[PDB]
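Our numbering numbers the first residue of the sequence shown as 1 and each following residue consecutively.
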Amino acid sequence: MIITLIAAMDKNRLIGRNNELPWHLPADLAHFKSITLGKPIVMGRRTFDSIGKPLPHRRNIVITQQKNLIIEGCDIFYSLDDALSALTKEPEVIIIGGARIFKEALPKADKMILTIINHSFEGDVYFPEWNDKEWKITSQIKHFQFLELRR
Ligand SMILES: NC(=O)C1=CN([C@@H]2O[C@H](COP(=O)(O)OP(=O)(O)OC[C@H]3O[C@@H](n4cnc5c(N)ncnc54)[C@H](OP(=O)(O)O)[C@@H]3O)[C@@H](O)[C@H]2O)C=CC1
Ligand SMILES: CN(Cc1cnc2nc(N)nc(N)c2n1)c1ccc(C(=O)N[C@@H](CCC(=O)O)C(=O)O)cc1
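Right under this line is the structure:
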């Protein structure tokens, strides 16, 4: 199983604000869709609420500590470790966020797919700092930009 983090972030690593995104970038969302189509996507409960519904044509997996919580359309796990353990036989697992999930996933991450937006927005949640010496750029396309890093 390859563990991949996919995130859209600005130059300060901002990813969220008041549990929404600080932008709307249609080019990013269609990038996110093709990349995640047909694969297990792992998200936190707050990120699920932000989206508002299961993303179609994907196995939506939500991590919560709420034991009575049921979300229609999605699989619930009570830790990232229970999720990853249940997806052992999968060839790729895609972690979509948010800030808390990214931070816990990062040290297990094999690959990162990052949209870095050239701007500075106001917000309150961030993508965790990664040691640039531990990763290598496998692809860079400057449109914002798409950056693929492999560990
Ligand atoms: N720019 C981007 O690419 C992305 C941005 N975002 C943005 O990020 C923000 C949401 O991120 P954030 O607020 O950090 O919240 P998260 O999306 O990380 O979800 C947090 C919740 O996930 C559950 N959780 C997290 N870790 C664990 C664990 N180890 N075990 C059990 N449960 C766990 C808890 O749920 P519970 O409270 O139910 O117990 C926790 O409250 C929003 O603004 C969203 O729009 C989100 C994804 C991608
Ligand atoms: C809040 N949230 C989390 C979110 C947003 N942008 C991201 N962008 C990137 N690059 N990576 C992420 N993990 C990411 N996550 C969202 C919000 C909406 C949709 C969404 O409606 N996407 C649909 C449709 C997108 C479209 O309109 O084409 C899809 O099928 O992927 C996805 C994630």
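Even for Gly, the Cβ is constructed at its ideal location relative to N, Cα and C.
Closer than 8 Å: residue i CB and nearest ligand 1 heavy atom
i: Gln145; result: no
i: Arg59; result: no
i: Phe121; result: no
i: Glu104; result: yes
i: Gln140; result: no
Among the options, the one whose alpha carbon lies nearest that of residue i
i: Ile2; options: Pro22, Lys39 and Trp23; result: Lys39
i: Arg151; options: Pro56, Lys108, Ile6 and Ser79; result: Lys108
i: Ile141; options: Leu114, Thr64 and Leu37; result: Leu114
i: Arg100; options: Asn131, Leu55, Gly16 and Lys11; result: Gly16
i: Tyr78; options: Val42, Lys111 and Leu106; result: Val42
i: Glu134; options: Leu149, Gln145, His143 and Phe127; result: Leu149
i: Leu55; options: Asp132, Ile35, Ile116 and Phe121; result: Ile35
beta-carbon residue i near ligand 2 non-hydrogen atom, thresh 8 Å
i: residue 162; result: Given a span of 1 to 151 for the chain in the structure shown, any question on residue 162 remains unanswerable.
i: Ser50; result: yes
i: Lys33; result: yes
i: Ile63; result: no
i: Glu129; result: no
i: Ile101; result: no
i: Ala8; result: yes
Classification of residue i by the beta-carbon crowding that lies within 10 angstroms, buried from 16 upward
i: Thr138; result: exposed
i: residue 152; result: The chain is shown from 1 up to 151; residue 152 falls before or after that span and cannot be answered.
i: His24; result: exposed
i: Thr88; result: exposed
i: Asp10; result: buried
i: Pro22; result: buried
i: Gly73; result: exposed
i: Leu84; result: buried
i: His31; result: buried
i: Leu29; result: exposed
i: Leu37; result: exposed
i: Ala27; result: exposed
Identity of the residues DSSP links to residue i by a beta bridge
i: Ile117; result: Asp10
i: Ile63; result: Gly44 and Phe77
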